[PDB]
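Structure record follows, encoded as structure tokens.
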Amino acid sequence: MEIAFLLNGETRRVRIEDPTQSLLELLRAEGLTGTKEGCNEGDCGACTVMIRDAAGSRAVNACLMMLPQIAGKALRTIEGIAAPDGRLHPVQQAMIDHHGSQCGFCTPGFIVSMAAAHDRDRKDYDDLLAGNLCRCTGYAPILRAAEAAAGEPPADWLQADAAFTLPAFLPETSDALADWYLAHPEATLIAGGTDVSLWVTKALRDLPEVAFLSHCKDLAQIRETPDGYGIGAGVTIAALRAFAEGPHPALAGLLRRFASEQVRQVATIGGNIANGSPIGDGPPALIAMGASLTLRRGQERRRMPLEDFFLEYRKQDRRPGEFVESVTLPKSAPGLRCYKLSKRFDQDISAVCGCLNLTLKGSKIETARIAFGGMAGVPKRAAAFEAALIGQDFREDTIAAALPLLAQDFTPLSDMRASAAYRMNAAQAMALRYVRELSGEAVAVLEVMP
Amino acid sequence: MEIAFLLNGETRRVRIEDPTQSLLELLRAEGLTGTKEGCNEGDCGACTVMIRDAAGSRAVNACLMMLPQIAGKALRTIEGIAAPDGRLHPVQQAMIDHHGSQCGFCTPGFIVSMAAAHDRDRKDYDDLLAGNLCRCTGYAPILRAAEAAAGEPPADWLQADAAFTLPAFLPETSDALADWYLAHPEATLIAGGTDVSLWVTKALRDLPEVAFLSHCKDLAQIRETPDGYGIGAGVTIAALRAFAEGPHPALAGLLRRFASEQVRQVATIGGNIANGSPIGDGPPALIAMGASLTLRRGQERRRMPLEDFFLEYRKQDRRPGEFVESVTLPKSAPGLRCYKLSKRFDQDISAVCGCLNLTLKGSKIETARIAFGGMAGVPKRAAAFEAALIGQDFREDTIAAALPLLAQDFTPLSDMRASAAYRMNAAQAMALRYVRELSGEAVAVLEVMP
Amino acid sequence: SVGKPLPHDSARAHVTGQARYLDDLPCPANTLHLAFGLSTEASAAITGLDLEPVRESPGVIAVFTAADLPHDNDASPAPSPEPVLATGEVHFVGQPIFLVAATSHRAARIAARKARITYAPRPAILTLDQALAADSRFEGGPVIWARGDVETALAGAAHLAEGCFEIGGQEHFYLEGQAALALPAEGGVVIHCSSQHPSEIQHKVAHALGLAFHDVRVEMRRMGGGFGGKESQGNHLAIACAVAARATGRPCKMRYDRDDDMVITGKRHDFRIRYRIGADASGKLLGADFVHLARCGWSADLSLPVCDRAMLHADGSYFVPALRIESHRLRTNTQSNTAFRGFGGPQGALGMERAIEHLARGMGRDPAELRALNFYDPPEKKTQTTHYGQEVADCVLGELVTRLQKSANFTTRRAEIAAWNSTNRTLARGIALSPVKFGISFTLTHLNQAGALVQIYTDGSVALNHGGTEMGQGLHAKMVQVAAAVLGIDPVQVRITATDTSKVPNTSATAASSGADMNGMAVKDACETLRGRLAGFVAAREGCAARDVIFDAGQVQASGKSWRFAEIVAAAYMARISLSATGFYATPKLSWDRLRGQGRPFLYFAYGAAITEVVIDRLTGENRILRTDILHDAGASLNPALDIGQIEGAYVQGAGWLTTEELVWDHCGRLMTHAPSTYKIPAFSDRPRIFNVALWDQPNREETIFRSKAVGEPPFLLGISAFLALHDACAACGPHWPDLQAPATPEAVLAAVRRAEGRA
Amino acid sequence: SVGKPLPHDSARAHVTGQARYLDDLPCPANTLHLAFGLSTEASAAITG
Amino acid sequence: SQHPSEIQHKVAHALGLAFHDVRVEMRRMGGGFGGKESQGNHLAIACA
Amino acid sequence: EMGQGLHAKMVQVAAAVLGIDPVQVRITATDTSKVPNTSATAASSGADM
Amino acid sequence: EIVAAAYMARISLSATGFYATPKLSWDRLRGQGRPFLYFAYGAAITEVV
Ligand SMILES: Cc1cc2nc3c(=O)[nH]c(=O)nc-3n(C[C@H](O)[C@H](O)[C@H](O)COP(=O)(O)OP(=O)(O)OC[C@H]3O[C@@H](n4cnc5c(N)ncnc54)[C@H](O)[C@@H]3O)c2cc1C
Ligand SMILES: Cc1cc2nc3c(=O)[nH]c(=O)nc-3n(C[C@H](O)[C@H](O)[C@H](O)COP(=O)(O)OP(=O)(O)OC[C@H]3O[C@@H](n4cnc5c(N)ncnc54)[C@H](O)[C@@H]3O)c2cc1C
Ligand SMILES: Nc1nc2c(c(=O)[nH]1)N[C@H]1C(S)=C(S)[C@@H](COP(=O)(O)O)O[C@H]1N2
Ligand SMILES: Nc1nc2c(c(=O)[nH]1)N[C@H]1C(S)=C(S)[C@@H](COP(=O)(O)O)O[C@H]1N2
Ligand code: MOS
Ligand code: MOS
Ligand code: FES
Ligand code: FES
Ligand code: FES
Ligand code: FES
Ligand SMILES: [Ca+2]
């Protein structure tokens, strides 16, 4: 199987024999030593590389990206960030002038992220570089550098890649997919690859029978529907975030702290749901907003409410040959409010994720959608709490009196992220939070300005 | 095609794709960097290696040796001269003790030569080492080392290889060969390969359609016949030399200065003849002694006197599909005397080679066979000179008066080894030398002792 | 440790095939291999240059031309430039024109042959005669030095000899051929190469890449022979790998194939020498006028210092009241000649030995007494000087030759030979004595410097490093011994490291037999610094004086106690005493003026003498050396075993030069002898059968490292005795002057025999 | 020169990805790679 | 590593060599913070 | 050098003590065969010493 | 030019350098002495929520 892509301006055709090899290894094996390996798990950014295609250009972690994925795209690494004649990119010179590097080892990844941001003129630095760790500089000088280079015409040589292209199964349509999966129930379906690549790089696994969903345009659509929005499984977390900025700011704000921009750019909601991790951040939110999920097997097509998809820790309502095809969201939910609690704000796994949706009949509580991740082997509504809440008045004290029911809805774990006591106490704290916030009170540490 | 051989004690199986590759390159590419490349032409000895099969063990030049030639053999390089446990071979230690090296580069080849000689207890050093050149030491310390090592028990670990093995065509019998060649008249026959490998290393040629004769045991036999000795084409110059020492010392003394021991151990008489060079040393000698040659095509078999095989420079009496199968020598020829003349005595090409055989009827000249190499486009008798000699008395003055007839027999050329005047004058001198020698007088510079 | 006969530092690695030479270094898989495309014209403008077929050749990655050279195109060791790729014209058959880099050494040679070049030929200058007629030369005109008045002296002379004679050049024939490897190293390069002059590689590579010297590092661990052939010819390969490596971004290697090596690189200069020499009635020389014609090739290279050195040795071993030398350095369209063991010395000296032989035959006197009468006077009012005015205060030739003559049984053996020849009509034996006086020190004075860097680690082991390069002469064992003697420890604790310009800077080529003389001093300078520090430290600690701390045999002794060197070193480390030191040395007393031909260009003179016996075959010229006896002065040798080893090898190489080695060019200027099958160095059996070599053991008068003398080049001139001996034999065949020429191949000996015989 | 606010000696090399760290060095094709097998017990005698 | 002389010392001992037969070069680390003052010893020993 | 700028500082000290521009000074890899018996770079003593 | 002339004049252009921090001395076991040459100081004010 042969693929093609542009590499740092040059056309490249490659014989894939192992479809699981990561982009990071192919590269270092070709001598493109400039992309570094700092963790090989998606957290450090040190392997960041820039891809481009019709949707445009973005920065992603080469260690999470297997080869097949870059077919038909343009790829830019740190060695190709400079112009062909050797002129440095405005971001490179700025890093030199402002001392944005010390040991140098995270410098490439920073430069590539920075260059990608510069190419689309994005300026939300804290979010764009969250996923690039630097242990030496304190970050300050890297910010000065980004600021300083922002007033510079974009690199022309980088945009010229736009004009480009104009073993393992690679479906082009949902139909082709459905057909084939149905025949190979046991296959390993790879979308973003952000949870699967850790099976090969860390668990040292080997996966035969593999299919990549990232080339099914029809699986990655956002369709306006009569009664909501239909979100394809292959939609990336980044894209879902962009859409949500309008109709679902709360979910949008949540997705802000979903991994890093680099992972968001390729991870999918379908994947976040199919992985079925009780610490997924997607599920709790969606359940609080009462969305629905759509499975599919050949031409068949079930359709339950999201929360019902999760049976037990590590086990889902999924049939041999069956795959997730989309989820559906209501056109609105102003009651939604999402809370994530971790040791660090950016790029961390939740100790607890709290999603709350309360509808009111003036002062009275009509409906109560309350979801949690990381409180149990599965994401789930807090029934007894929800229940006791109906009909009661929406004041802090009523909520204060129902908290204990949470200790009946869940019995959290203890582990390196947090103690059971803390988890518990935090689920309860999220509830106080919600009233206080809706009642217009200052509650968020991240909104405090110096 | 796959061949097997023992390498420094270990069995090795190799896939041959280029039959023409030399042993010296295969070894250096495998990382056995101890075998050196000093000329790539057979002259320096620096690539010397030791092979061993049922005839026993010998040192040869790896640069002249193609891989197919070692199939079924045991190969020892400098890295394998020491014992497995690190003990140095007596010859190694002696070279340290006597300062037999300075730059080091000729060292391995001298050590391999010396080792092979020790293995068979051979002590004729000047001849065994003629073909290992050293520019640094002046040779004396290497003689001292060989002499001290001779009194040491042979390495046991080298002898143990004796127990071994007990596309490009490799015939096992004269019949198989005859057949195949008849079908591929245009094929390149390779025997010792000492003339052919220079077409590949220096002329940078490429030979498709190739057959190796070294494995037809039946092509390499010396047979006693009713009227002479039959010598197979595949008999090596070293083996011919050994045989001649008894019945044809004059041919034996001649072959002493034929190339070097290393080359002599793999070059064949058949090959020296088929190469058809007017400076070959074999042909003149055999012509003076009146040998005959046997060609062969399928089952057919011609048979002329050797001199009749050579027609013109670069052209022989050889038919499509026909090859050289053997030559026959008289049981005796005590009048033969062979003279070779060059710039250096050892391992040099002749400017002039003169072979003389006169039979006497007491004081009177009965028959006269006189042949020269290098005096013409082809090895040839000196007819006018021979003729004017018959019936005359065998005294120096009669030969003296016939000399000018040689200028009628040959019109020699000038080149870098010698000027025409010199070659003419030397052909003449060979005649004077012959009478003087047979007349009991001192004539050979090589027999004067200090 | 000095004075002991220890083995070469790498004897064990030589003998097991573990020592690496340049092409044995492991390199990355993406390493490119290179080869030059060569001129097929002795002299022509390049008119067209189609490299398309080259680029299309299999495995080729890049091809380069002078236009592609990013900066300097210059490999010359002298002020006048010498391109690395031909710039529009060519000046000899073999000048490199373009440069191919391929994924294998074979692919490169093969592509190198496929270019289509068109030329516009020009008349070529290939012989001395042509060059003289065309006034083709270097230094705009001859160089003449005169002492006294020769014409006057010759006109009034009882005896006189006039004669002319050729002397051929010589090919180095180092067993390992030219080779280099360049590795891009972020910003700069690292070069590994096989060179006697890594600082110059550094210099040249720097200029070719556009870099300051501090961005180019050159390491060189060992050469498989140099003999002078790598004093400068290393420059081309190194420059080409670096430029190729800057262009493709990858490591690049180049090694020459013997044929190319011989076609592209230089050789000892061949000479024509015209002389007139006269003497007293008693035998004392009166004067000698010499004219030297030297064929230098198409570019200056090292011709200047080579020719000067010939001039400096035109006196041979003899005091000459009047003497003149006119030296022409002629440019011709052939290989650019260069350094070779002896560096001009032997031509100059051979000049005088021939002359004095001729003179002797002329007066029917035995050559040996004539010579013995005219050697400089022994040492110990007014000391004799050379014709360049340097006092000769150390000549022991008199004492030395007498001692050689007797141990060698000369007189008796001369008689046995006469008798023997008188009974033989086909063979003839010859025997001759020749002396040597060879000055030591480079003649471009500022080259006489050397440095070193020594380190002591806390376990007591030592790492020594100096500027000289090892090419088989034993430099690295000698330096180890010096270091072990000065620091008071056993040699085994001292390890040599690769020559490296980033460790000792600005070194001179290892040559001029000055390698051990100067680096030994530098090494001693560094060890004494260290030992000073250590004594200072033991003294203060044990309260006594430093001069009473004693280092010997691995032990340290003071105030009645004693410790192992390692304990002292560990204690110095804890007391915070630096254990690292550099060392430097500049030879004193030198000063001279080239143009005037006056001063002291040498610190001292090495001496020796050889008696050689040979036999020749009056019918064909065939011949060989039966016996050689040598007595050579290596001062108090630092290592007699390595010294005897240099003397034997140099003897064989000098005789090689004047017997079987012959270079030949054809009418178009192509080298016809360009492989070992047609250029013949001495083979194993050409070794003398009886070979006696002894050392004259007397300390140097000058303050040289342990009072030793250089023994690398001087002894090569002892081979002259072999040629003188072949001449003795020819002379024994008739009454006429044999006029034997060099190289005395069998054809040449025969021609001489016949002149002697009067047969034309 | 002391006292001036000059960039790190390897700024440009850092920023273009030319700077080499240990795992970037070129090495021969025959180079091996190593990895340790680790104890799964905090405290124990090894028995097999 | 932050401490090449110790690497030298420990490799030498692991190999039975005097210090002068082991050379350690190190051009830059991507970060140390004290973590490479010594834990470099294991890898080097193992490679040697 | 581990990112702390040691090499640039030594470049500055040398160019200041020799009287020349820093650009003429090039830093070479730390190497126990050039400076021996060193201590760890640590205790914040890299540049002082 | 100064350096080229020094070269021609044969003056070594290579040098080692060494430094041992002075005034130090102390006893670990008794916990007394001068183990440091000097102290570095600073201060920070941080505000958080
Ligand atoms: C550094 C880092 C930070 C992260 N941070 C977060 C975070 O903060 N919050 C969070 O919730 N997660 C986080 N994750 C994990 C998160 O699930 C994944 O990043 C992602 O959402 C899964 O998307 P994907 O397409 O890459 O899943 P994939 O890796 O492609 O795998 C999906 C899993 O489900 C299967 N699958 C994929 N698509 C389908 C389909 N449509 N139908 C059926 N099965 C399918 C796959 O076979 C696999 O089992 C993080 C991961 C990393 C690397
Ligand atoms: C260093 C050196 C020194 C040498 N010195 C001498 C020397 O002193 N004197 C001298 O005379 N030669 C000398 N040679 C060459 C001499 O001919 C060869 O070295 C040898 O005799 C040829 O033998 P071969 O078996 O190796 O022939 P090959 O190289 O194997 O082949 C020679 C030619 O014969 C053809 N051929 C081989 N066998 C047959 C067959 N039976 N029938 C028909 N065609 C056949 C081959 O096709 C090829 O055309 C020297 C070579 C070298 C390298
Ligand atoms: N073994 C060996 N000896 C050799 C050479 C060589 O290449 N190999 N070169 C000669 C030349 S040309 C010189 S100039 C001296 C160098 O000796 P030195 O370093 O001790 O001065 O080596 C002489 N002896
Ligand atoms: N950028 C960066 N800075 C750093 C480190 C590092 O690993 N990276 N290590 C620290 C430690 S632990 C010390 S001890 C000092 C060492 O600096 P120095 O050489 O100037 O003493 O740098 C500090 N600063
Ligand atoms: O002959 Mo030595 O001067 S290189
Ligand atoms: O922690 Mo710094 O002493 S290495
Ligand atoms: S190596 Fe750290 S994110 Fe890829
Ligand atoms: S500079 Fe060291 S990690 Fe960023
Ligand atoms: S390399 Fe010279 S004989 Fe083989
Ligand atoms: S030792 Fe140098 S070639 Fe023989
Ligand atoms: Ca040469």
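Residue numbers (the authors' numbering), protein chains in the order written: chain D, 1 to 166, 179 to 462; chain E, 1 to 166, 179 to 462; chain R, 2 to 381, 398 to 777; chain P, 2 to 49; chain F, 196 to 243; chain V, 487 to 535; chain C, 584 to 632.
We put the CB at the ideal spot given by N, CA and C, even for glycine.
Residue i - DSSP class collapsed to helix/strand/coil
i, result
"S439(R)", "helix"
"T107(E)", "helix"
"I299(D)", "helix"
"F619(R)", "coil"
"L307(E)", "strand"
"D156(D)", "helix"
"residue 178(E)", "The gap in chain E between 166 and 179 takes in residue 178(E), so it carries no coordinates here."
"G284(R)", "coil"
"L547(R)", "helix"
"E337(E)", "strand"
Neighbour list for residue i in chain R, Cβ cutoff strictly below 9 Å
i, result
"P8(P)", "None at all; the shortest Cβ gap to chain R is about 15 Å."
"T514(V)", "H215, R218 and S519"
Closer than 7 Å at the beta carbon, the chain P residues around residue i
i, result
"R218(F)", "None at all; the shortest Cβ gap to chain P is about 15 Å."
For residue i, the nearest candidate out of the options (CA to CA)
i, options, result
"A552(R)", "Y696(R), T695(R) and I567(R)", "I567(R)"
"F110(E)", "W192(E), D191(E), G38(E) and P84(E)", "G38(E)"
"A148(D)", "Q311(D), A433(D), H118(D) and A160(D)", "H118(D)"
Chain C contact residues for residue i, given Cβ-Cβ distances below 7 Å
i, result
"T400(R)", "Result: empty, since nearest Cβ-Cβ is about 27 Å, beyond 7 Å."
Contacts that residue i makes with chain V (C-beta to C-beta distance below 7 Å)
i, result
"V3(P)", "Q498, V499 and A502"
Residue environment, residue i, which counts as buried when at least 16 other CB atoms sit within 10 Å
i, result
"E236(E)", "exposed"
Interface partners of residue i on chain D, CB under 9 Å
i, result
"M224(F)", "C103 and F105"
- Message: With a threshold of 8 Å, are at least 3 pairs of Cβ atoms found where one atom belongs to the region 194–201 of chain R and the other to the region 214–229 of chain R?
- Response: yes
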